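Enquirer: One structure, as structure tokens, below. Some questions next.
Virtual Cβ from ideal backbone geometry, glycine too; neighbours counted across all protein chains shown. Each reported figure results from applying straightforward, stated rules to the coordinates on display, with no laboratory input.
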Amino acid sequence: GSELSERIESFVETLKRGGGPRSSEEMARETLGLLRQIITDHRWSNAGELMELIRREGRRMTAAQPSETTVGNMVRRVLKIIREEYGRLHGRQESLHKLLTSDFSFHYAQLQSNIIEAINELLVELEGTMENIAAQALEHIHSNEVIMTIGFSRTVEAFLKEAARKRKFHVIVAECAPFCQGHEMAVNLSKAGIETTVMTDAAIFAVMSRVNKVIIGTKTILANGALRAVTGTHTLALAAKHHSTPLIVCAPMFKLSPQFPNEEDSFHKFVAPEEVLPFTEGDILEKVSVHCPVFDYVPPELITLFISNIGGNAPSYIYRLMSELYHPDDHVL
Amino acid sequence: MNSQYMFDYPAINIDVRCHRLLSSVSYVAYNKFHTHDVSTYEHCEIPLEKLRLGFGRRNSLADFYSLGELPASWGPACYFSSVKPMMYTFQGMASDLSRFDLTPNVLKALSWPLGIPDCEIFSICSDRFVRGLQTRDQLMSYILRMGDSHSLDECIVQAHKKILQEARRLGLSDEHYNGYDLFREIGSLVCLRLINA
Amino acid sequence: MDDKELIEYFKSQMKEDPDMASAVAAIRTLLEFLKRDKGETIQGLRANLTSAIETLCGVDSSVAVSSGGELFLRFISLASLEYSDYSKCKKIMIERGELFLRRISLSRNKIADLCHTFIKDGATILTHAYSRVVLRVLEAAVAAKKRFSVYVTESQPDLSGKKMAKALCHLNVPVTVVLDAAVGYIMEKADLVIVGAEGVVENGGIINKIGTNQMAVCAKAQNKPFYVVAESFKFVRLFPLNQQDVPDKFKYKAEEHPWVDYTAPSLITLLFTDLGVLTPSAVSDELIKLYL
Amino acid sequence: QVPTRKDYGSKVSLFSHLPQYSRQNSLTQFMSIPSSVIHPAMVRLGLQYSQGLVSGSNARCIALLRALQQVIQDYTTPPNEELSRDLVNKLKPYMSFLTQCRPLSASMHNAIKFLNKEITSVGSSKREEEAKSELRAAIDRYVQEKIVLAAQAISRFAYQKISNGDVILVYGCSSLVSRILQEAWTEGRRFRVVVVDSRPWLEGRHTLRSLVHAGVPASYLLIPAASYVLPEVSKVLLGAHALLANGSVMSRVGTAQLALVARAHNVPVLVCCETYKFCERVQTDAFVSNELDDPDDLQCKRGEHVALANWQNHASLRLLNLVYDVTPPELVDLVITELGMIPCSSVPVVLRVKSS
């Protein structure tokens, strides 16, 4: 009750004010733990009340920070898990087959235990996601290869550190200005023994002619295979497409969102202009419009491969993955 | 292809000792898409393993297999037929002769087309006879035993060809014998031979 | 049921409700044929339905009619797979057909409600010719209090583009009419292209009025998104390799003037169907899921 | 145990992670006669693998399955052990030896997975003779349904896409392509075939002979001249060694190049493959996973002098004999399988419906 309410309020305020969990996996774990706490603590008779309350909590969580899709992704995953559990315990996708062939009020005592067990299994699968993704590094990196990365991605870092145990290759890291987080990635990879280069975004095209493949992370994967990545990733994808350089996205399955690129102006995250133009400029700040978008939209035609904890896939298959994770009625939430 | 789903499949059993007798066609549940196309005649499904599916509204059955094809559906059972429907004589004669059993010149006249005397065609052409699921097996077995082949479509083609040859021998016009109902044609030809002999 | 009354019912249902499309009228005629068939075997039922489909496609040379024919044959095949007894199978078929008709009658509004969110305020929409689904999506977008300017092509062989312009000015949407040859001139002023389709082929491409391929190629050259709004029952298992590979029964009778053309899936961004917003690669999957 | 085959020559640095053997060198020279640790059928099969006596993917799969049937027939379970575990544990070193003789093809990998799954599913209480007979019958049924019926269905499908008077371009040797062409000609289609070949295997000649024996008019040329002949070509028919989960086609080297040149000339590219060669793995280039054949095969006698003779005397010289390449899905117009005519993007879909 009070503990649950204060935990929810703290989570919402942390999302609204930023900071909190740097790791996306940590954010997913905290979201799942909070959802489990709501399921255990909150009182509900039938599954319909659970749907309504989880939907309200997820709506509040995503309204706190719409650019943080992992929270909504986990909320929809929990809703799908609850729906599947109810269908298994009570009963026995839209398609041409279903179209040709063709009630949550009922109550069950053991449904809650099954829901918690499924959520715990999901958490266990989430725990080993990074190792599962990194275990595929040797199948995609050959000897004396050149890899291009932008910003700081922990999944890509684990990928490269696992590949470096048996192969020698070069990694080029482009800083993601203004938050030049690529410097930390470069120094980490150098500490791991990999030979690394640090450069600004302005050189992304210039050196792309000498890059064998591009390995990047993302914040979100849309239903059509599009990316909500850090800013400057669209230019990197365009430069890779110019040279037909394969672009690999190493992203866990919990970053898949059933949304579509129809949404406008809430996609990119806009922050204080101080990052781009300092406050000490003076009077010219009065008449100059300064905008600092954090995220970028990447169309699916610029992506070659998705590597996740379940293996490799093409963007054209992303829809099927989206069909296996979320019910079509939970996209609106 | 929707033209390949088959509700039942014709299993063909052929005895080496005598093709004209005891060679049978049964029907077994298939409920799956076949490898080839299917032709439907008198609620009977024939796999088109040796002939190809054809389209149009050509008058005669021979007009199709002369091109190496078979129509999808034709005959009395289908409401709209690729061939042009026609009638044949002596059907009532066959209906009355139905009660005659197999027990000189009459035996020679009625030996066609098997070469052994038969009275099953009279049961085929009788008015009490009703086409449906129960009569697929014996009808297809008669077609199989008449011709010399292991394929049902080839047997049908050979049966129509021999019908046309007998009609030419007896002097009837080709247009009257096109193949809308093969077994009514057999009954008419047999009755004509009987009254001749 | 005679062939003459079949054609009469088809034409009557086409004329009575001009809003309803040809494929829906064909499927309704086939279901009405199945309603009163006085038969006893499913084999003759399938043969009679196939012959009815051939004569109906003789009436209208549109791809959508044949799409509905194959879809309906698959529906009968699945229903027969469910039940062996003819009477129980037939009653299951009639109830399932009524439900199928109800569901396909309301596909247009689902496509509109799912596609109107891709239109932005102040956008410039290019469309090819008359298509009731595009009219419906634009009506829904206007009902969403959105302001946009629509361009349409006059569609020379039959000026259905002018009909589209009139039906759009009916609701006071700012629309303009350009020639078939002016399409390449207009692409740079438009923001996105939205077209319909008379048939959706296996690989995700579409069959549509003769001017669709030009717009697809021009939009690809100018990096503009190309959206296709189409119904589920327009999913033919066809695989055209080029423009010549399109069956001739759809090109003509509907110097040499074809009435349709084929657009490759690589020129299409998204497909808006009653199944949802799909990539072209999804469509093939659907067909593979339908035929076992 | 079984010793490790020694790498021959110096490999390219980008391909240094792959093994590279010599055809003359054989593992059996260090193994006992009669063979004890390795079954004699395995030894013979590996000997003909390393020497190239069988080369086709279907042929390699069939030979492996027949040898495995022989091994299963000769097998006896040991006391206090189970069939489902002991048979797999015994088969693993045989697969290692076969991989040492020559890297396993995708069809071989899928067949090995199928047989391992079938053996693991053998009941604990099931008798030995019955289990062996069922394993042999399962292998026979797998061969039948995954090769013969699949080829018949693919030929029937491809007949619809062949018209009178068209020109079809084929590459290398593929039993499926030759069967399709022969049956299309037999059914009544009248056309001509253009055969493209490449060094050093020159396996396209095989197909050429088949065509000549079927009465089909044929033309022959090498791969570099393909761009000359594509103006008169109407369609391109290619066989696949494997189809990957992203839709890319893993095939003999030079297939992706032919697809690219065909795209430049605006001709469709058709790929025929059986669904049992579909692979779950993904691959973006020919460098990460490939096979390094014998470099000495690249030597050719042009005139009276062989330039590449004693090539290892030069320290900086390297000889690269790639076996496979990868065609991106965007260069393939249509895939012909026993399920029907599907695009490359539908390859994972099939992988989803074949599994369950």
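Enquirer: Give me the one-decimal Kirkwood hydrodynamic radius in Å for chain D, with the sum taken over alpha-carbon pairs.
Expert: That comes to 22.1 Å for chain D.
Enquirer: How many Cβ atoms of partner chains, on average, are near each residue of A:302-315 if near means within 10 Å of its Cβ?
Expert: 3
Enquirer: So, by mean Cβ neighbours within 10 angstrom, what's the order for B:65-78, B:115-128 with the highest one leading?
Expert: Ranking, from highest mean packing down: B:65-78, B:115-128.
Enquirer: If you take the C-alpha gyration tensor of segment A:190-333, multiply each eigenvalue by 5 and take the square root, what semi-axes do you get, largest first, in whole Å?
Expert: With the √(5λ) rule applied to segment A:190-333, the semi-axes are 30, 24, 13 Å.
Enquirer: Please report, in debye to the nearest 20, how large the charge dipole of segment C:111-291 is about its Cα centre when each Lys and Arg carries +1 at its beta carbon and each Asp and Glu carries -1 there.
Expert: Using Cβ point charges on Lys, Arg, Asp and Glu, segment C:111-291 gives about 500 debye.
Enquirer: What nm value, rounded to one decimal, do you get for the distance between D:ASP297 and A:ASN262 when each label is placed 7 Å out toward the C-beta?
Expert: So the label points at D:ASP297 and A:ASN262 sit 5.5 nm apart.
Enquirer: Is there a pair in A:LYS241/C:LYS146; D:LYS117/D:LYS161; A:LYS166/A:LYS191 whose C-alpha atoms are over 26 Å apart, and which pairs would that be?
Expert: A:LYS241/C:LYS146; D:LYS117/D:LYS161
Enquirer: Sort out for me the Cα centre separation of segment C:180-226 from segment C:151-173, rounded to whole Å.
Expert: First find each Cα centre; the distance between them is then 17 Å.
Enquirer: Same structure, new question: Give, in nm to one decimal, the length gained when the segment between A:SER67 and A:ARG88 is fully stretched (0.36 nm per residue of separation minus the Cα-Cα distance).
Expert: 4.2 nm
Enquirer: Could you pull out every residue, at least 5 positions away or on a different chain, whose amide H is within less than 5 Å of the one on B:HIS34? Hs are placed 1.01 Å off N in the peptide plane, and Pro or chain starts have none.
Expert: Amide H to amide H, under 5 Å and 5 or more residues apart or across chains, B:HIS34 pairs with B:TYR5, B:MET6.
Enquirer: Find how much the distance from C:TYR9 to C:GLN243 grows on full extension, using 0.36 nm per residue of separation minus their present alpha carbon separation; answer in nm with one decimal. Can you show the working numbers first?
Expert: Numbers: separation 234, 0.36 × 234 = 84.24 nm, distance 3.37 nm.
Full extension from C:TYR9 to C:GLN243 adds 80.9 nm.
Enquirer: What FRET efficiency comes out for A:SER2 versus C:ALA143 if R0 is 41 angstrom and r is the Cβ-Cβ distance? Round to the nearest 0.05.
Expert: Here the calculated transfer efficiency is 0.35.
Enquirer: Where a ≥ b ≥ c are the square roots of the eigenvalues of the C-alpha gyration tensor, would you call segment C:111-291 rounded, which needs a/c under 1.5, or, failing that, prolate if a/b is larger than b/c, or oblate?
Expert: Note, shape of segment C:111-291 comes out oblate.
Enquirer: Now a separate question. Where in segment D:156-193 is the amide nitrogen less than 11 Å from a point lying 7 Å along the Cα-to-Cβ axis of D:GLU232?
Expert: Taking a point 7 Å out along Cα→Cβ of D:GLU232, the residues of segment D:156-193 whose backbone N falls under 11 Å are D:167, D:192-193.
Enquirer: Still on this structure: Show me, for segment C:75-87, the HN-Hα J-couplings you get by feeding each phi into the Karplus relation (A = 6.51, B = -1.76, C = 1.60, θ = phi - 60°), rounded to Hz, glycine and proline as x.
Expert: Coupling constants for segment C:75-87: 4, 4, 4, 5, 4, 5, 4, 5, 10, 8, 5, 5, 5 Hz.
Enquirer: Now for a separate question. Calculate, for D:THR76 and D:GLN51, the FRET efficiency according to 1/(1 + (r/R0)^6) with r their C-beta to C-beta distance and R0 30 Å; round to the nearest 0.05.
Expert: 0.50
Enquirer: Under Stokes-Einstein, with the Kirkwood radius over Cα pairs standing in for Rh, what whole-number D in µm²/s applies to the protein assembly as shown at 10 °C and 1.306 mPa s?
Expert: 46
Enquirer: Just going by the charge dipole of segment A:258-328, with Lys and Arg at +1 and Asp and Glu at -1 on Cβ, which of A:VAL288, A:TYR326, A:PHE260 is farthest out on the positive end?
Expert: Of A:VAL288, A:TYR326, A:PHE260, it is A:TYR326.
Enquirer: Residues of segment B:57-84 with the amide nitrogen closer than 14 Å to a label point 7 Å from the Cα of B:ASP174, along Cα-to-Cβ, please.
Expert: Flagged as within label range: B:59-67.
Enquirer: Now a separate question. ³J(HN,Hα) across segment D:254-267 via Karplus (A = 6.51, B = -1.76, C = 1.60, θ = phi - 60°), whole Hz, x for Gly/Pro?
Expert: x, 6, 5, 4, 4, 4, 5, 5, 5, 4, 5, 9, 6, 10
Enquirer: How about B:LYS108: which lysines have a C-alpha closer than 27 Å to its C-alpha, ignoring those fewer than 8 places off in the same chain?
Expert: List returned: B:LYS161, B:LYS162.
Enquirer: From other protein chains only, count the Cβ atoms within 10 Å of every residue's Cβ in C:37-45, then give the mean.
Expert: Counting Cβ atoms of other protein chains within 10 Å of each residue's Cβ and averaging gives 6.
Enquirer: Can you find, among B:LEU144, B:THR103, B:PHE7, the residue farthest towards the positive end of the dipole of chain B? Put +1 on the C-beta of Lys and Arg, -1 on that of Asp and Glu.
Expert: So the residue furthest toward the plus end is B:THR103.
Enquirer: Do the sum for the protein assembly as shown: with -39,500 (n - 2.57) for every DSSP H run of n ≥ 4, divided by all residues, what is the mean residue ellipticity at 222 nm, to the nearest 500 deg cm²/dmol? Don't skip to the answer; put the middle values down first.
Expert: Working: 42 runs with 497 residues, N = 1178.
Result for the protein assembly as shown: -13000 deg cm²/dmol, rounded to the nearest 500.
Enquirer: Along the charge dipole of segment D:154-356, pointing to its positive end and built from +1/-1 on Cβ of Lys, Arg, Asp and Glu, which listed residue (D:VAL288, D:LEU298, D:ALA242) has its Cα farthest out?
Expert: Of the listed residues, the answer is D:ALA242.
Enquirer: Shifting gears a bit: Classify chain A from the C-alpha gyration tensor, please: rounded if a/c falls under 1.5, else prolate or oblate depending on whether a/b exceeds b/c.
Expert: prolate
Enquirer: Compute the Cα gyration tensor for segment D:154-356, then decide on rounded, prolate or oblate, letting a ≥ b ≥ c be the square roots of its eigenvalues: rounded whenever a/c is under 1.5, prolate when a/b is larger than b/c in the other cases, and oblate in all that remain.
Expert: It comes out oblate by the Cα gyration axes.
Enquirer: Further question: Could you work out how much longer the chain between D:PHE30 and D:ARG318 gets when fully extended? Use 0.36 nm per residue separation minus the Cα distance between them, nm to one decimal.
Expert: Extra length available between D:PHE30 and D:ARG318 comes to 100.8 nm.
Enquirer: Another question about this same structure. For the pair A:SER102 and A:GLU281, what calculated FRET efficiency results from E = 1/(1 + (r/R0)^6), where r is the Cβ-Cβ distance and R0 = 60 Å, to the nearest 0.05?
Expert: Computed FRET efficiency for A:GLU281 and A:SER102: 0.40.
Enquirer: Turning to a different aspect of this structure: Please give the residues of segment C:89-113, grouped as numeric ranges, whose backbone N is less than 11 Å from a label point set 7 Å along the Cα-to-Cβ vector of C:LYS35.
Expert: Label zone hits: C:98.
Enquirer: Calculate how many DSSP beta bridges within segment C:111-291 are antiparallel, expressed in % of all such bridges and rounded to the nearest 5.
Expert: Here the antiparallel bridges make up roughly 35 percent for segment C:111-291.
Enquirer: For the peptides D:34-40, C:15-21, what is the packing order when you average, over each peptide's residues, the other Cβ atoms within 10 Å and list the highest mean first?
Expert: Highest-to-lowest ranking by the protection proxy: D:34-40, C:15-21.
Enquirer: Give the Kirkwood hydrodynamic radius (Å, one decimal) of segment C:3-110, defined as one over the mean of 1/r across all pairs of different Cα atoms.
Expert: Every distinct Cα pair counted, the radius reaches 14.1 Å.
Enquirer: Amide H of D:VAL167 versus every other amide H placed in the peptide plane: which residues, excluding those fewer than 5 positions away on the same chain, fall under 5 Å?
Expert: HN-HN under 5 Å from D:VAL167: D:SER234, D:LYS235.
Enquirer: Still on this structure: Can you spot the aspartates and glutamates whose alpha carbon is less than 13 Å from C:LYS163's alpha carbon? Ignore those fewer than 8 places along the same chain.
Expert: Straight-line reach from C:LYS163, under 13 Å: C:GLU154.
Enquirer: In terms of modelled amide H atoms, which long-range or inter-chain residues lie less than 5 Å from the amide H of D:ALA218?
Expert: Residues meeting the criterion, in which the H sits 1.01 Å from N, are D:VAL193.
Enquirer: What whole-number distance in Å separates the alpha-carbon centres of segment A:50-109 and segment D:62-135?
Expert: That distance is 45 Å.
Enquirer: Calculate the length of the line joining the C-alpha centroid of segment A:215-235 to that of segment B:2-61, in whole Å.
Expert: Cα centroid to Cα centroid, the span is 56 Å.
Enquirer: What average count of beta carbons from other chains do you get within 10 Å of the Cβ of residues in D:273-280? List each step's numbers first, then the result.
Expert: Numbers: counts 0, 0, 0, 0, 0, 0, 0, 2.
Mean partner-chain Cβ count within 10 Å for D:273-280: 0.
Enquirer: Sticking with this one: Sorted by mean Cβ packing within 10 Å, highest first, what order do the peptides A:45-55, C:78-88, A:159-169, D:121-131 take? Could you put the intermediate results ahead of the total?
Expert: On the way: A:45-55: 16.6, C:78-88: 14.5, A:159-169: 18.2, D:121-131: 11.3.
With the highest mean Cβ count within 10 Å placed first, the list reads A:159-169, A:45-55, C:78-88, D:121-131.
Enquirer: With θ taken as phi - 60° and the coefficients 6.51, -1.76 and 1.60, list the Karplus ³J(HN,Hα) couplings across segment B:63-74 in order, rounded to whole Hz; mark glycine and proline as x.
Expert: Couplings: 4, 8, 6, 5, 8, x, 10, 9, x, 5, 8, 7 Hz.
Enquirer: Taking 7 Å along the Cα-to-C-beta vector as the label spot, tell me the D:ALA137-B:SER66 distance in nanometres, rounded to one decimal.
Expert: Distance between the two pseudo-spin positions: 5.2 nm.
Enquirer: Which entries in the list B:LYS32/D:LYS354; C:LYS120/C:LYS145; C:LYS35/C:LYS234; A:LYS168/D:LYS277 go over 21 Å, if you measure between the two C-alpha atoms of each?
Expert: Numbers: B:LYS32/D:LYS354 17 Å; C:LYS120/C:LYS145 11 Å; C:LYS35/C:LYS234 23 Å; A:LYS168/D:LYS277 32 Å.
Cα-Cα > 21 Å for C:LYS35/C:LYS234; A:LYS168/D:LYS277; rest within.
Enquirer: Mind putting together the pair-distance distribution for segment D:1-153? All Cα pairs, 10 Å bins, whole percent per bin, short to long.
Expert: Binned Cα distances yield the sequence 10, 36, 33, 17, 4, 0.
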